[PDB]
Structure formats: structure tokens, C-alpha cells
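**Q** Residue numbers (the deposited numbering), protein chains in the order written: chain A, 3 to 225; chain B, 175 to 178; chain C, 175 to 178. Quick one: structure below, then a few questions.
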Amino acid sequence: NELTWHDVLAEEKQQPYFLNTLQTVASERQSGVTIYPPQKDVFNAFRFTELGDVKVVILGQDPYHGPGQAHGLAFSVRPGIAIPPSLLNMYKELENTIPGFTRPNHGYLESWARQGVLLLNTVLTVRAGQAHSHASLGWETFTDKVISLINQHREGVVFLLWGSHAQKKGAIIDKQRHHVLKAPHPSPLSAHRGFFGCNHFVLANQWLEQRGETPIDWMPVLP
Amino acid sequence: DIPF
Amino acid sequence: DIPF
């Protein structure tokens, strides 16, 4: 689509739960609480992947909660940061399934986003060191609305729903209009229960080619 | 900082 | 419990 986030989120920006979330996060930053990612990065998934360009949606939960790590994309870390263990498991699955994929020397996934992979955490900020610390704000309400708008306004998006939380988040999606694939989370805590072998990266590309669209090149590139 |  |  020519559709943009601005076309469908302009009124959502004015909703009380959204305004209260931004105001709470801002007040915490002001009071000296370190919150990740930085304010300028919080909406980078939307900056890098416009609504009409979404081809694949991969949900996460929280941003990484250590210094310099999160930058507004699920799974990805800034250049120079050690590869997170869940992303390492994604790289292992990729190297086992995509012809010519080789282990990257970084974890920075902007180049996935620029190809139409929406790397959406369901909660968009976190206090330093403290997983789920911003879960009680309105981010899940916001990202529920984002998923509902992709479901409504697009056709044929691939959703890769990894783990229980992401699968529940995607329970609404129309499974005839879109292509929903489920597996365990790639975290070491669960990957051996079926993430390895899920073949989701190949399956997403097979769908895209059956739709007459270009596949994702899953090898990430440094800027 | 909001792209919409 | 898998935040990331």
C-alpha cells in the first residue's frame, strides 16, 4: 500500500492511554530514571517500515534493558553490542535454512526493517535492568491497535509469532487474509522445544514469492 | 520523535 | 517469562 502510519495513527496519538504513556515515560526520564531505548529511537520500527511496506511482522515483548543495546527494533542491537542469545538462535536457524547465509558479526537489523520486516516489541520502553518495568503503562494497548490496523488495512502479511505472549497478541489476526506462523520463542529458554526446525524464514520467503513479491534477504547489513 |  |  501507499498507506502510512500517519494515515491510520493520527487519532490514536490523541488517545488518553497513549498520551498518559508518553507523559509517564517523559516524567520518569526527567526524574533521572534511565529508560531504554532513548526517546528518539522508541518508534524506529515505524520509521523504518511504513504500513504499506510491511511484508513480515515479528513480535517481541520488551526492549533490551542494558546500556547502548536497544534502539527501537525487536531482536536487534546497536552495532558493537554482543549478539543477544535469542538473536544468536535466530542466526543458527537462518544458517541452517537459507542458502548462503553465514553468521553475521553484529546484531543490527535495520536492513531487515528497510525490506519490510516490522520488528515490533509489544512494550516500547523499559527501565534500565528491569524487565517488564513498563508493562503496566499503555504500550500493549498501542501495539494491540497497531496489529489490528495491519490486520484491517493490509492483505497477505506474514506474522511470525514466537512464544506464548506473541501468539496471544496475534490471536485476532484473520488467518485467511494473512499468513500466521507460530513457533516457540528463540530464547535459550525455549528454542529447543521447536524454534530450531521451524523454518519460518524460508516459509516467509516462499509466501512472498507465491504472492509475486520479492523475498527478504535475511543477511543483515551494517550502515 | 513520533513518525506519525 | 521471556522479555527478549
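Cβ atoms here follow ideal geometry from the backbone N, Cα and C, with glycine treated the same way.
I'd like the span of the beta strand (DSSP E) that includes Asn123 (chain A), first residue to last.
**A** Here residue 123 (chain A) refers to the residue found at position 121 when the first sequence is read from its first residue. First-last of the beta strand (DSSP E) with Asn123 (chain A): 119-123.
**Q** Tell me whether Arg31 (chain A) sits in a helix, a strand or coil according to DSSP, three-state version.
**A** Within the first sequence, the letter at position 29 stands for residue 31 (chain A). Looking at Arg31 (chain A) - three-state DSSP - the assignment turns out to be helix.
**Q** If you reduce the DSSP assignment to three classes, tell me which class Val10 (chain A) lands in.
**A** As a position in the first sequence, residue 10 (chain A) is number 8, starting the count at 1. Reduced to three states, the DSSP call for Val10 (chain A) is helix.
**Q** Of the residues that make up the segment 82-111 of chain A, which ones have a beta carbon closer than 7 Å to any beta carbon in chain C?
**A** Answer in chain order: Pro86, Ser88.
**Q** Kindly list the residues whose CB is nearer than 7 Å to the CB of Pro81 (chain A), restricted to its own chain and excluding five residues on each side of it in sequence; keep chain order.
**A** Within the first sequence, the letter at position 79 stands for residue 81 (chain A). Closer than 7 Å at the Cβ level, and outside the excluded window around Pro81 (chain A), lie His108, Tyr110, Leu224.
**Q** Could you have a look at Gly54 (chain A) and say whether DSSP puts it in helix, strand or coil?
**A** Looking up residue 54 (chain A) in the first sequence gives position 52. Residue state, collapsed to three classes: helix.
**Q** Under 8 Å between C-beta atoms, does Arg49 (chain A) make it to chain B?
**A** Along the first sequence, one-based indexing puts residue 49 (chain A) at 47. Cβ-Cβ to chain B under 8 Å: yes for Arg49 (chain A).
**Q** Would you call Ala47 (chain A) buried or exposed, if buried means 16 or more other Cβ atoms sit within 10 Å of its Cβ?
**A** Numbered from 1 along the first sequence, position 45 holds the residue referred to as residue 47 (chain A). So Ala47 (chain A) ends up on the buried side.
**Q** Answer yes or no: do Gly172 (chain A) and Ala185 (chain A) have a C-beta to C-beta separation smaller than 8 Å?
**A** By 1-based counting over the first sequence, the position of residue 172 (chain A) is 170. By 1-based counting over the first sequence, the position of residue 185 (chain A) is 183. No. Outside cutoff.
**Q** Tell me where the beta strand (DSSP E) around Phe77 (chain A) begins and ends.
**A** Here residue 77 (chain A) is taken as the residue at index 75 of the first sequence, counted from 1. Where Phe77 (chain A) is concerned, there is no enclosing beta strand (DSSP E), given that its DSSP letter is neither H nor E.
**Q** Could you tell me whether the Cβ atoms of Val128 (chain A) and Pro69 (chain A) are closer together than 8 Å?
**A** Locating residue 128 (chain A) in the first sequence gives position 126, where the first residue counts as 1. Locating residue 69 (chain A) in the first sequence gives position 67, where the first residue counts as 1. No, these two residues do not count as a Cβ contact at 8 Å.
**Q** If we cut at 8 Å on Cβ distances, does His8 (chain A) have a partner in chain B?
**A** If you number the first sequence from 1, residue 8 (chain A) lands on position 6. By this cut-off, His8 (chain A) is an interface position.
**Q** Assuming the contact rule is C-beta atoms closer than 8 Å, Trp164 (chain A) and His187 (chain A) should be a hit. Round their C-beta distance to whole Å, please.
**A** As a first step, residue 164 (chain A) must be located in the first sequence, where it is residue number 162. As a first step, residue 187 (chain A) must be located in the first sequence, where it is residue number 185. With 8 Å as the limit, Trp164 (chain A) and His187 (chain A) qualify as a contact, their Cβ atoms being about 5 Å apart.
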